[PDB]
Structures are given as structure tokens and as C-alpha cells.
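A quick note on method: Cβ atoms are made from the backbone with ideal geometry, for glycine too, and the neighbour counts reach across all protein chains shown. None of the figures in this text is laboratory data; all of them are computed from the coordinates on show.
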Amino acid sequence: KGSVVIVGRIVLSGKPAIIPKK
Amino acid sequence: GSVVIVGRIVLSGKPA
Amino acid sequence: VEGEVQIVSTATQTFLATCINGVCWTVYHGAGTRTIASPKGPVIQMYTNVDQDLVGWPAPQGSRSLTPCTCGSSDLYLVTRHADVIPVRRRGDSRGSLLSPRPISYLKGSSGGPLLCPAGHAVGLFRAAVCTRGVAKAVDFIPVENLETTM
Amino acid sequence: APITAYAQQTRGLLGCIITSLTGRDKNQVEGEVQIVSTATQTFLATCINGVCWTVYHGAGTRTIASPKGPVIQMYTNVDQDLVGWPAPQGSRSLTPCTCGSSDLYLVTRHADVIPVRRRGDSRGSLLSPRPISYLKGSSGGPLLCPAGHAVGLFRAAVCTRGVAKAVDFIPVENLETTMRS
Ligand SMILES: *[C@@](=O)([C]([C][C][C])[N]C(=O)[C]([C][C]([C])[C])[N]C(=O)[C]([N]C(=O)O[C][C]([C])[C])[C]1[C][C][C][C][C]1)C(=O)[N][C]C(=O)[N][C](C([N])=O)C1=[C][C]=[C][C]=[C]1
Ligand SMILES: [Zn+2]
Ligand SMILES: [Zn+2]
């Protein structure tokens, strides 16, 4: 069969952050 | 006078 | 990226606003009856509640709403205007004790911010710091219920 | 600090299909949980102690596409309904729950953390019921204790009239038993 593919991720280690302006 | 948004905070820290 | 907490300011001060249930809530003692700015002109508050020290405008752009708490936890976390997280033990309906008291300056400018539960869901809105001799040891807050009610 | 999560899609349908066949994935990895797919379904995989675990009912006995080509499962336990591959270089691992917490938090593929009240070593009730559709695609996802440690992996939903009120999970202990066997 075909391989299992990572199509995205979920990050739990992120901390509240001020969104940088761009 | 209005309240103005001067910045934002993303709680999960999503950089995206 | 969309933020749940808006760092806002009037001519007088600077504080925070938190989007919960599609409404951008903040403290009446910061906003008053002020209208919120938008690229299409000022937008009037959808809710004004002087008694609860609560006001609300429709959620702005570049924002995302927070989910109200449903696990009834007492281990709260306050997020400051500098993105600092402060553990707070819920001492009551609308009161909580910092697990580590901080100088009042540390909490200054965070009214309107959220008090998150262990799941990052909204428990309440930081109303005012309760301090002794310039050191904040506790905080006052607007339980999400009030918001859910005001809506 | 509170448990907060965010999701990022790393590849589309067509890129996924080519990668599935070639078995060679050159994309950079980040995160504790990986959104995973096969030609038939999409679910989650959680890295715990250097191993990328997921549900056997999802991964079957498939290899995982990595930069070096396909990677054979390290652990496979049809009974435990678990499969594990070496955690991808780049991922961050969760650690098993030490304190036996009663209040758990399920992280969905949408990066929402929903609280569940533990009602057994393998079950917990959603404090706030959600449609069964909301939970689709989250099998293999972690159930975290307040400290953010892995208590289990989402396996099945106790659905009724299309609404899920409880969830069945593979407690983090079955992992050790699976590695031991
Ligand atoms: C998971 O594997 C899912 C989570 C959906 C709830 N789990 C299951 O499908 C399991 C598999 C069996 C082998 C345990 N079944 C169930 O959870 C079923 N309940 C059940 O067996 O209950 C028993 C209890 C008493 C222990 C439910 C019953 C109601 C209907 C749904 C099954 C998972 O997420 N799989 C990936 C997936 O569903 N992908 C979908 C897809 N087509 O790729 C999908 C992804 C994203 C959005 C929609 C659909
Ligand atoms: Zn909660
Ligand atoms: Zn724990």
C-alpha cells in the first residue's frame, strides 16, 4: 500500500505572542 | 474619539 | 494569523480587548462608550454595561474568537498586554489570587485581557488588579457568564 | 500556562498522493502531533517519547513517508490498535502523564482543545458534546493532562443521534505494553 503521509501539523508548544506587523 | 487597535496577540503563538 | 486579544488604546490609556463569541469585549473603564475604529469608519459598541464594567463591539478584522470555559477549573491563567501568562488561582465567582504576586506595573495595561483555563478557554475578562502596597496579589474579573448573559 | 494549539497544513491532495506512492517526503517537520493521511482517510499521529504513534485502524501496517523514503513501523499492535514509527526528525515529543489527572483535554485536528472528564482508564465524557463530524479525523490525537503530558490517544467516539458525548482512548500505558511485546 501507499505510505502514510504527513499533510500538516498541530503545535502545542506555542505560547501567547504579539503578532508581528508585516 | 475611537478605540484603536494598536496590536494583536495570538494565544497559540501561531507564527504562520 | 488571527489574534483573540487586541491591544487597544484611547487618547487617555491603553488596555486590552478579547474576542469571545464573535464580540470584541473590553472594560468600560477603558473604552467608556467609545466607538471602535475600522477601515470603514467607527463602529458602535454592540453592548455597553457600566455595572459589569463591560462593553462589546462586533469582532474586528484580523481577530479570532475564544471559546468560553466549560470545565469549571479554578486554575486560571491571565494573559498580559505583553503576552505574559500569569497563573491565578480562582478564589471566587469574580476573584482570583496570583500564584506569584507581581508589581502592579506588570499588570498595568492588561484590563480587558482574558483569564484562560487549563484548556486556553475564556474563564473571564481581567477587570482590575487587587494590590497591597503596589504589588498585585489578586485580580478582579468579569466571568464569561456575564458576557454570555449580556449577549 | 494553558494548553493552546495551532494547526498548519503542509501539503495538498496531489502532493500527498505523489508522496504516498514515492514514500519520500522532503518537507520539514515541526510539532507534537502530525496531521496524517492515506489514500483513504486522514487522521492524527502523536509523538510521545521519540515515537510517532497513531491508530492501527487508520495506519494499518503502512510505512510512513520520510525524507529517506518509506519507514517501517517500529511497533504494530492490532490488539492495542496502535502503530508507531520513529518520530520524524523535527517533531517534538510529548511525555506520558505522571500525575493521574481526572480532567483531560483532547486536541482535535482543528487544533481545538476540548475538556473531557475521565470516567475510566480508557474513557472520558465530553464536558461539552460536539457533533460526531467535529471529531472525525482526530483519531490518534493526544489526550493531555493539565500539565500537557500525554494520557492517551483518541480512538473512538461514543456517538448518539450524530452527537458525541464521550470518547474512548488508548491510555498511554498500552504504548509501553506494545513496546514491551
Ligand atoms: C478516527 O479513527 C475515528 C474518530 C471519529 C469518531 N474513530 C473511528 O472511526 C472509530 C474506529 C473503531 C475501529 C474504533 N469508530 C468510532 O469512533 C465509532 N464509535 C465506536 O466504535 O464507538 C464504540 C465506543 C462505544 C467505544 C464512531 C461511531 C459514530 C460514527 C463515527 C465512528 C478518525 O478520526 N479517523 C479518520 C477519519 O474519520 N477520517 C475521515 C476521512 N474521510 O478521511 C474524516 C476526516 C476529516 C473530516 C471528516 C472525515
Ligand atoms: Zn475550561
Ligand atoms: Zn499529568
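Among the residues of the range D:69-106, those that are more than 14 Å from the chain's Cα centre (by Cα) and within 16 Å of ligand 2 (Cβ to nearest atom) comprise D:101, D:102, D:103, D:104. All told, residue D:40 falls short of being free of Cβ contacts under 8 Å to residues at least 60 places away in the same chain and facing another protein chain (nearest Cβ under 9 Å). Using the structure shown, decide if residue D:45 is out of contact with any helix residue (DSSP H, G or I) (no Cβ under 8 Å at 6 or more places or on another chain) and of a type in the set (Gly, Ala, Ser). When the stated conditions are applied, residue D:45 does not pass them.
Just the residues that are touching a strand residue (DSSP E or B) at 6+ places or on another chain (Cβ under 7 Å) and farther than 14 Å from residue C:4 by Cα, please, taken from the range C:124-139.
Applying the first criterion (touching a strand residue (DSSP E or B) at 6+ places or on another chain (Cβ under 7 Å)) to the range C:124-139 yields C:124-131, C:134-139.
Hits for the range C:124-139 are C:126, C:127, C:128, C:129, C:130, C:131, C:134, C:135, C:136, C:137, C:138, C:139.
Take the range D:144-181 and flag every residue that is within 13 Å of ligand 1 (Cβ to nearest atom) and within 14 Å of chain C (Cβ to nearest Cβ). Answer for the range D:144-181, where residues must be within 13 Å of ligand 1 (Cβ to nearest atom) and within 14 Å of chain C (Cβ to nearest Cβ): just D:165. Could you tell me whether residue D:3 is surrounded by 19 or more Cβ atoms within 10 Å (Cβ to Cβ), under 18 Å from the mean Cα position of the chain (by Cα) and assigned to a loop (DSSP other than H, G, I, E, B)? For residue D:3, the condition - surrounded by 19 or more Cβ atoms within 10 Å (Cβ to Cβ), under 18 Å from the mean Cα position of the chain (by Cα) and assigned to a loop (DSSP other than H, G, I, E, B) - is met. Criterion applied to D:35, D:18 was being within 11 Å of another protein chain (Cβ to nearest Cβ) and farther than 30 Å from residue D:124 by Cα, and the one residue passing it is D:18. Filtered by the rule that a residue be closer than 17 Å to residue A:12 by Cα and more than 16 Å from ligand 3 (Cβ to nearest atom), the range D:29-42 gives D:29, D:30, D:31, D:33, D:34, D:35, D:36. For the range D:157-169, a residue qualifies if it is closer than 23 Å to residue D:83 by Cα and either out of contact with any helix residue (DSSP H, G or I) (no Cβ under 9 Å at 6 or more places or on another chain) or of a type in the set (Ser, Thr, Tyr) (or both), and the qualifying residues are D:158, D:168, D:169. Within the range D:132-181, can you find the residues that are part of a loop (DSSP other than H, G, I, E, B), more than 16 Å from ligand 3 (Cβ to nearest atom) and either of a type in the set (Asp, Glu) or over 17 Å from the mean Cα position of the chain (by Cα) (or both)? Matches in the range D:132-181: D:161, D:162, D:181.
Sub-6 Å Cβ pairs linking a first residue in the range D:112-137 that is within 11 Å of chain C (Cβ to nearest Cβ) to a second residue that is among the charged types (D, E, K, R) and away from ligand 2 (no atom under 16 Å from the Cβ), at least 6 apart or interchain, are D:126/D:165; D:129/D:165, ordered by first then second residue. The single condition among (1) buried (at least 17 other Cβ atoms within 10 Å of the Cβ); (2) touching a residue at least 40 places away in the same chain (Cβ under 8 Å); (3) out of contact with any strand residue (DSSP E or B) (no Cβ under 6 Å at 6 or more places or on another chain) that residue D:181 does not meet is (1).
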